[PDB]
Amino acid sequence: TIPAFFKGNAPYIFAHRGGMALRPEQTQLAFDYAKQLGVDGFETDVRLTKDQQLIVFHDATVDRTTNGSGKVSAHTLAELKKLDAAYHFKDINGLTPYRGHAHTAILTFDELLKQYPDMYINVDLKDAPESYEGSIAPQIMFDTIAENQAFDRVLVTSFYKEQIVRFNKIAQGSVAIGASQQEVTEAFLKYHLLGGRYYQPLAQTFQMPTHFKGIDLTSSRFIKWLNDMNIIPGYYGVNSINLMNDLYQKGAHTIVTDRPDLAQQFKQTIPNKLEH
């Protein structure tokens, strides 16, 4: 029943929102470029539309990344598909080189799965649990994974524990899920009480920044401790090749980067036989 999300013996390199430092976030321009640069998959976010479709999108509103305004939840997919989601992407010249160009439209999560069937998906359920969108997004996420037979290549997580809990109740463990902040806290407590003999029953992925408020989270013993706890350590915001190799060597299993160019460099360094 447990999905074989992790295959081979190499950590997965994910492009942050498709590689948002180099191309307009969440667009085909970004996903195509990151895939060409050799990433193993895409980290991304989903928001629910007025007509209850999951789009690949970060903010609650379209203002920051498009020429439109207002909540995703107040727009139909049809209305959202008319927008230019590269409208505000600026290069270091200050130009907006992709505004008005092809392949700049908002993607649905369904067409992300169909269009990139070889990519692993690391997806964040963004709508809040107390919102209407949050109450139905986990089911629609599962329905989307199921109709595309993508159970073994999608990792579903959320900032909100209740969204993970809602999704996992529907998926019944058939899709890999992220470890919530509260779940890891409970794990540290059970560890201290029971001694080193404790370990989480089901392996879940705990994605961390490499640092928080001056605290370095990349210690070799911490990563080993989490692996000992049956917690899958992962990191985001990894934007140097030395840090990528360091986390690979220490036992991290997922790595989200804003610079998908590093993926190609990382993979030429590892043997081909470690990949599946």
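One rule holds for the numbers: they count along the sequence shown, beginning at 1.
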Quiz item: Can you tell me which stretch has the higher mean Cα B-factor, 168-176 or 193-201?
Solution: 193-201
Quiz item: Which has higher Cα B-factors on average according to the PDB entry: 211-219 or 41-49?
Solution: 211-219
Quiz item: Out of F188, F109, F89, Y116, which residue has the highest Cα temperature factor in the PDB record?
Solution: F188
Quiz prompt | Top Cα B factor in the deposited entry, candidates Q26, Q36, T61, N239 | solution = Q36
Practice problem: Sorting the chain's modelled residues by C-alpha B-factor, tell me whether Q163 ends up in the lowest, middle or highest third. | Solution: middle
Exercise. Sort the modelled residues of this chain by their C-alpha B factor and say whether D127 lands in the lowest, middle or highest third.
Key: middle
Practice problem: Comparing against every modelled residue in the chain, figure out the third that the C-alpha B-factor of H75 lands in (lowest, middle or highest). | Solution: highest
Quiz item: Looking at the C-alpha B-factor of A150, is it in the lowest, middle or highest third of its chain?
Solution: middle
Quiz item: According to the PDB entry, is the CA B factor of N230 in the bottom, middle or top third of its chain, that is, lowest, middle or highest?
Solution: middle
